[PDB]
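Below: the structure, in structure tokens.
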Amino acid sequence: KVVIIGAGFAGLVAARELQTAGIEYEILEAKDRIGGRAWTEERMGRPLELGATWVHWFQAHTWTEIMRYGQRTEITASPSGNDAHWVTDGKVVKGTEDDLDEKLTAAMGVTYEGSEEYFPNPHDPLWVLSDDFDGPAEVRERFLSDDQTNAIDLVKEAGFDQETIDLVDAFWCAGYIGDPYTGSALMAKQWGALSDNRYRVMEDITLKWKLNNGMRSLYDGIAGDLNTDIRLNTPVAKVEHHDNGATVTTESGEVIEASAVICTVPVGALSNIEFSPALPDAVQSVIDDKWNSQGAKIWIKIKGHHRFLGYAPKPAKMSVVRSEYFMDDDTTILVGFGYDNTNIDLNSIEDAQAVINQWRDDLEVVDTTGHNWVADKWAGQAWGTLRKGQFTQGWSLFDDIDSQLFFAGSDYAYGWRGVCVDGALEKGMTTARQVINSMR
Amino acid sequence: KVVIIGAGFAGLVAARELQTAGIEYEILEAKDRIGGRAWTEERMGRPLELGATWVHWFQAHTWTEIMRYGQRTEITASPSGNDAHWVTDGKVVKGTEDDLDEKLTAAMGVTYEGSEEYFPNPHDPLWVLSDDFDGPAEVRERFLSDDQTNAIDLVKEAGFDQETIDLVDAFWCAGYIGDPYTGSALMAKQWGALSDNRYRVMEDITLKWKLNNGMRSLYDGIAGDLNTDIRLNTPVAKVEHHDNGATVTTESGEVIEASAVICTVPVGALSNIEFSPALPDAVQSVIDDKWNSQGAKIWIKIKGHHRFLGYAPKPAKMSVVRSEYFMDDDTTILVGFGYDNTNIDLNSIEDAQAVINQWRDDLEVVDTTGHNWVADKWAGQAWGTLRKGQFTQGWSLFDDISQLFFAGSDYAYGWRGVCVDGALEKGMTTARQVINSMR
Ligand SMILES: Cc1cc2nc3c(=O)[nH]c(=O)nc-3n(C[C@H](O)[C@H](O)[C@H](O)COP(=O)(O)OP(=O)(O)OC[C@H]3O[C@@H](n4cnc5c(N)ncnc54)[C@H](O)[C@@H]3O)c2cc1C
Ligand SMILES: Cc1cc2nc3c(=O)[nH]c(=O)nc-3n(C[C@H](O)[C@H](O)[C@H](O)COP(=O)(O)OP(=O)(O)OC[C@H]3O[C@@H](n4cnc5c(N)ncnc54)[C@H](O)[C@@H]3O)c2cc1C
């Protein structure tokens, strides 16, 4: 009776929540697999995360699932103390990872600047615009202006030298997983607020601890709890939505009447669904302009054991590349993040070699792999990141649909929105509660 | 079919988890109310937390419940910028809350000292004693030795002055909710590890954010999800757990058959239940020596609006007292924590006045209240804290029992005893143990 579109983390956790409340449901998933933009798969000789990878105990929703499904001690920190290399003036500069981190920490000071005023409760991101806001009006002015400024310009305007500008350029090419110059600096400020306003904590939360048994240990755990079979290979083509319910039509033409629809399809793939009535103009505007996520994630295998970290600014094929696994056959697997999925073939050895050649001529790529989420019609984006103006007139607009259609997914979370599974687990669960409370 | 003893946070969340898995259960609760050691109740003109109070988004289990039950924006920070007072060599020193926080930050630096080596994953507290431990043998030796050292001695040995010693004494009288000199320093080191090894984070997590609608908004939310009525006024007197299945006998003599029993009764009340077979000897030794929680929590109402913070070392009636509410009739409600429940009558105006008189003879108590959990036969303790040796030979001995599983904040891996987070953690994971067994 409640139809959930998508068996990613948001749809799976929503289904479990409805099950707890005794509400009948059905999950319809387009692919022949569950997990969505979390996808653990054997490649290049071991399980690799083609999407979601890192977790932390300061992510409440993710951590509770880690505990629930037996993974409490099954996390491992990524390699640290790497030899670092960074782009600078079209030239490669060498240093320690600590040197690089010190420069990034200095720049984050200015990047986070108004977060203490904007986000006393970092899980109430739009408090500044609410009726409860009791601060100075200049705080609200600066909040709105920061939605229209990118994170690099904050560092430029503070007087940092070109080396730091190029370092933060590379950093935010990875963090916005897209062109950082089109992004909203408020996203970075909220990451600060959720990270105790410390660069080291932000990196601990988003870029340190990996699941030994993969994200699949969590998503298969949730699916294994469900008493209703997930309908795979069942893309939704149309959603009619009204005050008392909804009608879902599949690609095969099957019509399913529903008491509510929980739609977890990401913005990059919402164009595959016809909505009747059409979604509000303000929401359609976000869908047309989408979100800040045009980049890509690669895994590269090189000969030898090398503790490597590289940064390079836009328009590099990859902007952040780091050693992740030292393999038993004297190879290293590195992960990379880049701003433009169309400038790199994740499965081309020559392109992976070009990435490595950004910093070191003498390293030799023997394998490479990745999944181009942006070119995947059921995703159309990597993790959701915000363009200018989307912090205040973007993700939150998906909550005001005056009908039994509800949007859930990491890209609409209050907390670790888009970038983390924590946001999907948060928003799937709380949207199921919206449905539960309505029915009660 | 699964019998859950106790309707505190652990038993409630375990019931919900079993319900999700389609497993029949029943909760038997001794009292006429749910919530256990979380208890939001109208007193002195407003809802006051007679047990659990503070929350944070870095507490995964608590925070997920806050999100689930609609309380995301319904948190408020306790008053700050108070005028601070501390007792040192029998004298009262005045200062700013900042001065006091700076002294405590300096002391926590040495208090947390080995936490980076012991607790890389702060949710695996016994990693050092495991077969996966791969550090130097001196790290294991230091870990074991630290279980036998109290947290104040670390500060004394580091050479801090008497003023800082008296401050940390007061602080740990509250934190150990009991005599800190009998406590295990590993507890404090794990708090550090769970708080990014920074005093300010540890205080933000445990002593800052209150629920506007009380802990009751969470425990009543969980109870409202349950499709099976909770049996109130139904104390369990006996638990049989031979390998057949299990049997529970109530005080009234009713016998209930069970596939498994999840017992959330805290150590301080476990002597009310007869277990057959007897619990393991090491568990019995913990029950006899109990846990580090003989203290008490008071709410004092004084005349006027006063931003007050006071610290005093053992054997003060209260060791940490802080303004919490400025009331509409020109009064202030303060909260206090003290190390010895038998040295204070939480409902005596004269005793509350003696507390205030530790620091300022000119403030006037007009009301006071509290619940002495230690003298409550269904608790017998405040929040669970560790005596020397109980970090490595205490809380973890209650796992793997007989088929009776123990769940409760006092056995959690993370924010054990001190936080609702630990009850929600361990109630949920113990239900998962039962689920997995049945699957
Ligand atoms: C490259 C990358 C790396 C990441 N790394 C991390 C990380 O290290 N840590 C972290 O915490 N998070 C990470 N994330 C983020 C995390 O993957 C997401 O936040 C989360 O997985 C999103 O879950 P969701 O359920 O909201 O959406 P999705 O996972 O996108 O689920 C939506 C589901 O709907 C399905 N679907 C789409 N259209 C239809 C249709 N018409 N009909 C039916 N079904 C449909 C899709 O196939 C999919 O299964 C990463 C994301 C990416 C892209
Ligand atoms: C003074 C105080 C202040 C606190 N402040 C905070 C705070 O600020 N923040 C925080 O996060 N945590 C705080 N806590 C801790 C928190 O209250 C506990 O960690 C948590 O509530 C314990 O839950 P539990 O379910 O494990 O145990 P309990 O709450 O003790 O639940 C056990 C239940 O079993 C029942 N019972 C006992 N014996 C029997 C029997 N024989 N038969 C049947 N039922 C029985 C009891 O009545 C009770 O309902 C505080 C605790 C105290 C004492």
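Residue numbers start from 1 in every chain, and the chains themselves are labelled A, B, ... in the order their sequence lines are given, proteins ahead of strands.
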Under a 4.5 Å heavy-atom cut-off, does chain A meet the side chain of [X], its backbone, both or neither?
| X | answer |
| --- | --- |
| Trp127(B) | neither |
| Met428(B) | side chain |
| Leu194(B) | backbone |
| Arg200(B) | neither |
| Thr429(B) | side chain |

Among [options], which has the most heavy-atom pairs under 4.5 Å with chain A?
| options | answer |
| --- | --- |
| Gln59(B), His61(B), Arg68(B), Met67(B) | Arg68(B) |
| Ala431(B), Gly22(B), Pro122(B) | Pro122(B) |
| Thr73(B), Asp196(B), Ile75(B) | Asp196(B) |

**Asked** Does the ring center of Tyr413(B) lie less than 6.0 Å from the ring center of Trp395(B)?
**Response**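 Yes, the ring centres sit under 6.0 Å apart.
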- Item | Aromatic ring proximity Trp191(A)/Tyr199(A), centre distance under 6.0 Å |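 No, the ring of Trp191(A) stays outside the 6.0 Å limit from the ring of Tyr199(A), centre to centre.
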With a 4.5 angstrom heavy-atom cut-off, could you sort out which part of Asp124(A) is near chain B: side chain, backbone, both or neither?
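Interface part for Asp124(A): both.
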Q | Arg72(A) backbone acceptor or donor facing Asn121(B) side chain under 3.5 Å | A |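 Looks like yes, one N/O pair under 3.5 Å.
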How are the rings of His123(A) and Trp63(B) set relative to one another: parallel (under 30°), tilted (30 to 60°) or perpendicular (over 60°)?
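Taking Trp63(B) first and then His123(A), their aromatic rings sit tilted (interplane angle of 30° to 60°).
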Exercise. In terms of ring plane angle, is the pair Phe143(B) and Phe119(B) parallel, tilted or perpendicular, where the classes change at 30° and 60°?
Worked result: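 Ring orientation of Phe143(B) relative to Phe119(B): perpendicular.
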Problem - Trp54(A) vs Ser78(A), side chain to side chain donor-acceptor pair (under 3.5 Å): CA-CA, chis, key distance, verdict - result: CA-CA 9 Å; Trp54(A) 291 283; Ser78(A) 288; 3.0 Å; yes
Just so I understand: if I count every heavy-atom pair under 4.5 Å between each of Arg16(A), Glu426(A), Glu17(A) and chain B, which residue has the most?
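Of the options given, most contacts go to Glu17(A).
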TODO: Drop me the distance from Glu49(A)'s CD to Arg216(A)'s CZ, to the nearest 0.5 angstrom.
DONE: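 Nearest 0.5 Å value for the CD-CZ distance: 8.0 Å.
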